[PDB]
Structures are given as structure tokens and as C-alpha cells.
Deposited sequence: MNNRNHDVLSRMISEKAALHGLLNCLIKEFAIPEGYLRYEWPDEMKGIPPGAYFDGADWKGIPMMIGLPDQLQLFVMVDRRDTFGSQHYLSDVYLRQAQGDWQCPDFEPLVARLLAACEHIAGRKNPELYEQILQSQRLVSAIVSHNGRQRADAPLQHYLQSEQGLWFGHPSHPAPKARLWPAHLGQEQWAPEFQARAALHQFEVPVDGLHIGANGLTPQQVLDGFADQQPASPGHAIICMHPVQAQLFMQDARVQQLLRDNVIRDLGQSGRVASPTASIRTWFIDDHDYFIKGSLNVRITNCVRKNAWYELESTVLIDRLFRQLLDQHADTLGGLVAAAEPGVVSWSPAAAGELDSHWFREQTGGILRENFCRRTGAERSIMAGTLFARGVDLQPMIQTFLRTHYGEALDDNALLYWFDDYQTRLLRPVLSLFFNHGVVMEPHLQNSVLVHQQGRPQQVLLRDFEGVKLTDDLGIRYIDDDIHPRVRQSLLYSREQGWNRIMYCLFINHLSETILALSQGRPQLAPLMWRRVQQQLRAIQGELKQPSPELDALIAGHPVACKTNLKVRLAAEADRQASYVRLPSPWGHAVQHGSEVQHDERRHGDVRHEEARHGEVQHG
């Protein structure tokens, strides 16, 4: 309980330091691995364990006459390391300030470096940590590695959320309407909200499903009277929707009808607005007009059309270019539904469509099996005891302690399945996936990696030189990336977001494996380069040793910023 608060404060803190080190200290030059010239105020027990130093001293100089001390377990160029001491600060004698005080000062430091302040961020960092405390407390009695035993529990078990983010669990629910009833981390379940709507205003996109079968995937249609159909949305989305005067106007005129929470019974997933239904053919991905992680997460009209277009393309690449796809497994997105009143104003129509918009994703579990499939973020995350959960999950599958050569063999299998499809798609066809931890699902046979399923069509882009060569101009704009923009994304998602976290969780207690795992990534890049059918200059530079693009989560909140570069592990 106090324990739960204490667990949450260390987790949040570690998230905030990842950002400081990655976004600011490494790019700008503020980090050195050295001991302070004067340790006054730091207790012996923070850096001395009885026999030796607890790892390596880390110092961060900060323009404002501010210093930061922390012990770490490794040197890493991507800023991935286990922190082995509390954080200490000096302006003067060293201090160990409380959570909030520490956040306040560190954020302040980042605001000077940035030249801008953010009124809202501070309260978001604290909100996020107070949820995590509620979460740890609620979930603290289960076996620690239980999230990795079933697909759904892994969506529900990203306790700490994104691991390089200042406010991972920021969720700004409306005037009451609840928290815990909608949180995956609380095993949230609910009947989806339903409306009955005239068919003249429906928009349906579909691939190999009839417009009727697309509706059937969202709602049982039988209660619809003729000339009508049933749409569903997040109960929170439905209450905000029934708060516009344009929806009240329509409900009073009996153009649309409210059917309450009468829909399929579903569990939301780590993305909050995508719902899972055990043994149904589809996940449901709706719009939620709510600030999740600082951002309204919505299905814009042209994205509803993106999705269809993308789905059809992956199907066409598979049927004809399977062997230049590098072993690709992806969840399809076969249908898309929205509603707007007939002969509505262009602006009204945008807003109705965006509010009611929904996508169907293939429930890959029917195909992969729900007890073989783990969201990649939960796989490489830490349990309620703050240990990386991967460690014991391998232990019970392997049948004993894993030696160095079993971690390297396992890693090799894993990273091969991530890199081969991603890099095949970008250089052979100009398709840009987004393989961060939360768009990837490992499929595994008794623990041995089989495939890494990739999802999320919102995140798929097409390059102007290649991909786009496979419709409305605004949809086109949404889909299009330059070859450079796209390569930055693939650099960040694959190496910094994903495998950097993979190697860290596998290499706990054994930091010497880290460069061994990096050399092996470098050797896998080479073998895949020779397997490509098109020019790959960008991959040559990465293989050479050139800097790697990295997306930012703190910095983008301070400036009026987007990406930095970090030196390459090889």
C-alpha cells in the first residue's frame, strides 16, 4: 500500500530519467560516467554494497548550475540502463528529494534547456504516478509474471505503460464518468454503447466482407428496423456524443435512437479505444474524444479510408510478393464504418464521421492462439515487483536457469523475426510499418519465438519514391512519407523503442550480454541486406556506425523538438 506508492514513484522516476538521458543529456553532451569530486550528502549505502561499487557512477550536468547523481549498471549510447541507486541532486551538498520535489526540479531543468514551459505537464506526471499506485495496489497479489500467460492479460498488464515517457498513464476522463471501469489494468469489461441510425447516412469501407458483414462485425443487426442499422461506440464516447446539441437535435427528432449499453461485452486493450472480445472474429477500434497520454485518439474520416486501402494492399503484396516480405505476419483491418446525417454540412459531416468512426481488426488469436500471444510491451516490461517479467517466463519454459548462450540464442530468434519483415517491407516495397512495442505481438511455441505479428494501419505509411505507386487527395496526403521520414520512423521503432528494451530486460544482472546482443543485430542487418531486391543505402549507413534517429516524449511537450540522434551501439 505505502509499498505500492513506493513502487510507483520509482517506476515513474525511471521513466522520466530515460527521457532526460535520451532526449537531452546524450544528444547535447551533458552526461559523463564519473564520480562527483565531493560525495557529501550521499550515504555510503547508495554506491557501496559491502564488497564493491553498486555499478557505475552517472552524472548529468545541467545549465542552471544543477547536477544529478545516480548509479547505473552499464554504459549505453541509447540511454538504456538499470538505475541501481536513488537519484541525488546538488545546486552545494547532495540531496535525495521526494518524488514531487524531484519531478518539479528535473522538469524545471528541462524547461530552461528547452526555452519553454508547459503548464499542464507537471500535473500529468503526478496524475500518472497516482494511477500506477492504484494499479500496483490492485494487482499486487497475483503471481508477478501472470500478464505473460494469456494474450488479454498482457494487454491488461502494461502496468507502467510506455517506458520512456514522463506521464505514461495520463488519462483525462470527463466530469466523473469513471476511471477503473475503463482501465485495462483493472480488468475492465463493459457492454458497448449502441445507436440505431438511418442507412442513407452510413459510410462503409470493406475488403472481402459485404457492407452488411462489416456491420455484423460491430453489432448484432437484428434489432434494427428497416432502412436502419446499429453502430457501437465506447460508453464514454457515447456520453460525450450525446452532449452535442447536434446529437440532441437528432434524438428528439427520432432520426437516431439511443440503445444504451446493449452491445457485445468487451475488454479494452492497452490502447484504451480498441476492444477485445474472446472468440469473436474481430477487435473493435473506435474513436474516443478523450485526452489519452495528452492526445485525443480518434479515427479521422480519411484515416477510415486509409485503413481499407492499406488492408487491400497487404492482401495484394501477400498474394503476389510473399517471398519478398521477409516472413510477414500482420493483423488485417477488413472493414470500417461511420455515420453522418444525409445532406449534412461539410464540417458537420467531418465531426459526425470522426465521432462515430470504427475499424475492425482481425482477431489474430483465433489464428495464433490466445495463450501463445503476448503484446511485446508487456513481454519486456517489469512486473508489480519491478523485476523484468521476461526472466521468470523463460525460466518456467526452459526448465532451469538460462545460461548466457540461451539468452543469446533466444534473442537471435526474436530479433530475426522483427527485422526481417520490417526491413523487407521498406526496401522492397516502400511500405513503412510502425513496430514499437505496443504494435508488436510475439507468437511463441512453449517460449521459443515463432513470429512477431505487427499491427495498426493508422501507423502504416507509403514512401513517395516507392510505396505510393500502389483515391482522394487528402487520404493520399495522410498516407505519404518521404523515404527519409519513413526511415527515421523505422530506425526509432526497431532499435530504440523495441530491441533496446528487449536487450535491457534480457540482460538484467548480466549487462555484459548487451554488446554481444548488439553485434548480433549488426550481423543480422548484413545478412538481410544481401537478401534484398532493391537499393538500401540507408541500411549501409546504419551498418557503418552512423547515428540513429530517436523520437521524443518529453522534448516535444516543451518546444513550439521532434526527433534527436543517438550514437550507434556498434
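Comparing the deposited sequence with the modelled residues, the stretches lacking C-alpha coordinates are 1-6, 98-99, 479-482, 573-577, 588-620.
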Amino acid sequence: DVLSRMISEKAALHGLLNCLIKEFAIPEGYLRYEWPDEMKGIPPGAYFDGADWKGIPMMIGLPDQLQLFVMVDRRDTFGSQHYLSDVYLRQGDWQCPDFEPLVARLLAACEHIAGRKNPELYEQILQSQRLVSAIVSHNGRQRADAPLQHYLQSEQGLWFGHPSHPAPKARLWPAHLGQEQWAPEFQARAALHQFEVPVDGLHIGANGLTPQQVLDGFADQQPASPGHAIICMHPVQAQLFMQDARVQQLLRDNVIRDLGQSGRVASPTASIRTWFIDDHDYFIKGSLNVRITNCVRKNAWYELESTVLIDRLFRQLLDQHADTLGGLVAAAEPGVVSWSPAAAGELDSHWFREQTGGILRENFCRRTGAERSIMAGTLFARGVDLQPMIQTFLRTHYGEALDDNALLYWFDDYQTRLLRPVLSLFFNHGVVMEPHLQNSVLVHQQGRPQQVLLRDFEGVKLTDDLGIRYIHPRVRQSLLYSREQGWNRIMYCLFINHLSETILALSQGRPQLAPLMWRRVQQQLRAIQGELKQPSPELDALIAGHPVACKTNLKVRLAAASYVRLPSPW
From here on, numbers count along this sequence of modelled residues.
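So that the term is clear: the rigid core is the largest set of C-alpha atoms that superpose within 1.5 Å between two forms.
Two stretches, 114-122 and 94-102, are weighed by how far their CA atoms sit from the shown form in 5 other deposited structures of this protein after rigid core superposition; the farther one is 114-122. Superposing the other copies on the rigid core and comparing 178-186 to 353-361, farther C-alpha placement in 5 other deposited structures of this protein marks 178-186. Among other compared entries that model residues flanking residue 20, every one gives it coordinates, keeping it clear of the one-third cutoff.
Residue-level annotation: residue 560 lacks coordinates in a third or more of the other entries compared, counting only those that model residues on either side of it. Annotation for 43-51 versus 57-65: the higher mean temperature factor (C-alpha) is found in 57-65.
Taking the mean C-alpha B-factor of each stretch as recorded, 261-269 and 316-324 are not equal, and the higher mean is that of 316-324. Sorting 155, 281, 123, 434 by the CA temperature factor given in the entry leaves 123 at the top. Highest CA B-factor among the listed residues (383, 217, 184, 208): 208. Among the modelled residues of its chain, residue 551 has a C-alpha B-factor that falls in the middle third according to the deposited record. Residue-level temperature factors show residue 170 in the middle third of its chain, judged at the C-alpha atom.
For residue 341, the recorded CA B-factor ranks within the highest third of the chain. Only modelled residues enter the ranking. When all modelled residues of the chain are sorted by CA temperature factor, residue 364 is found within the lowest third. Residue 251: CA B factor in the highest third of modelled residues in this chain (values from the PDB entry).
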